[PDB]
Every structure is written in C-alpha cells, then in structure tokens.
C-alpha cells in the first residue's frame, strides 16, 4: 500500500550546459540563439535599399557616366556598396574628406538633386569639356553633376560668381580642381599659366592651386582632379572665383530626409524580400533575443554574439 514522489521524464534529447557538466539532457530547453539568415538583401519595413551595384559612392555623387541609374534615386533605407566597384572617379584623383562624407551619408535617407548653376551660365567660357578617362557609349565624356570649364576665344577671364541657397534644406555641393601635366597643357586648356580656385562660404575659406607636375598614368591620365564638398546651409551662399583649372558645380543635392541608415558593404544582389532586420550576408526573420550571423546589423534586431549555441534549461535532468 504505497505512495511515491517523482518527477517528469520524456523522450526529449535537448542538451544544455553548465559550469560543472556539459552535454546534459533535459526535459524542456529553450533556444535563444538565431543562427539562420536568408542570404538576400531585402526591403526594410517595405523601403527598398539603394544598391549601387558597380558604382561607388563617389561615382554616384559626382555623376560618373557609367552611374546613370542613379540620376534620380528614390528614398532609401540603407545603401549597399560593393567591395571594389568599377565606376569610381573615371578621371583619376581624390574626393577629399571622403570618409567623413560617407559617415554623413549614413544619416541621410533622401536626396533631391537640383541644378544650382546651369551650363547656360558660362557665356564667356567653354563648358563642353570632356575626357577619354570617362567613356560613355564609346566616346569621351565627363561627370554629370560637375562641369569642366576651359578657355574660350583663347581667354579664361577670371570667374567671380556666387550661389545663394534659397531652398529650405541643406545643400551638398561638390566642386573640384584639375591638376594639369605641364605648362603647355596648362596653356592649351586655359590661357593663364598660373591659376587658382577660391571658394568661400560663412565657414569655408579655401584656396586651391594646380600642382603641375609629372605623375603616374591612371585610367590613361597623368592629370588629376581633386574634388571637395561642403554643406551649404539655407540662406548661406557660396562664392567661387577662379582663373583656370576650376571644375564647377552644376548639380547639388538637397538633403530632404535625414533619418537612420548605414552604408553596408555586401557583394550580394536584391532579393525581392522584406525584413525587419538586415545584415551584409542576409536578413533575419526571428524573435530570438540573440544571433550569431553578422555584427553589422541594421533595423529591429537581436543582439549579436559570437556563440555557436545558447540554450537555456527550463526543465529537469532527463535520465
């Protein structure tokens, strides 16, 4: 005539670990580590990313003629740049403070480009400059947002001109200077032999001067172009003054939406999917509190850990 005290046991194979004992079968575990992704780049709450396949950020912003898909990009959630894009600064040189620009660009969700200085605005200069370093459909071309001013009637009269930001929004403005190869090229393209480019705003006080010297050949060019950018704030104005080697703005970007984003370096392609959690190597549909997929997350996401397995015991030791 008997009564006993006992506890649950079942078929469960769920193992958990402890400091004293590893590989301990229990009756009721709970996994808290998400370890699977869909290997694709998706929307982010139904907002498609800007994927610059084969065009770098510099090539996009300056308007590489091979980057024509990005003439009028719509609002994005994040930006996807490849590891070594082909179309980036066709004419060799530098986009100065590039990394700071990418960091600025990661807090911007929508540009609307606008024509601040039309080519129509250079009556006394030639604005048809074109380079073999920038092919478009087999013929030489040039950056689309920026104008190569050269001499006209064998004169380069000094430019003194300003643009006043009448728009509500901040303006991202890019301009540049061209480093010629020797005195004779310098005189062929602009009449004046010693030149300068002066740029002034309320904060900016730049003087650029061509470095006329012999360099290595890059994209078939020993000449170089150094590009610079600034954020012209609303009601402020920018003052350009040059007598040669000036590469003038034509198009600038209105910063119209300024939320949350990142520039994600993935070699992957669009997946036509949607997600609440994107990583460089794929997205995540999960309500686990952790994942081990990739550290450079964006969106409402679990917390990245390096573990291969995380299971919490909820039940008893089972056999």
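Numbering follows the first chain given and starts at 1.
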Mean CA B-factor: is it higher for 24-32 or for 247-255?
24-32
Of 211-219 vs 69-77, the stretch with the larger average CA B-factor in the entry is 69-77
Looking only at 195, 94, 235, 201, the Cα with the top B-factor belongs to 235
What third of its chain's C-alpha B-factors does residue 167 belong to: lowest, middle or highest?
highest
Divide the modelled residues of the chain into thirds by Cα B-factor and specify which third, lowest, middle or highest, holds residue 51.
highest
By its CA B factor, does residue 120 count among the lowest, middle or highest third of the modelled residues in the chain?
highest
Of the three thirds of Cα B-factor ranks in this chain, residue 154 occupies the highest
Temperature factor at the Cα of residue 104, chain-ranked in thirds, falls in the middle
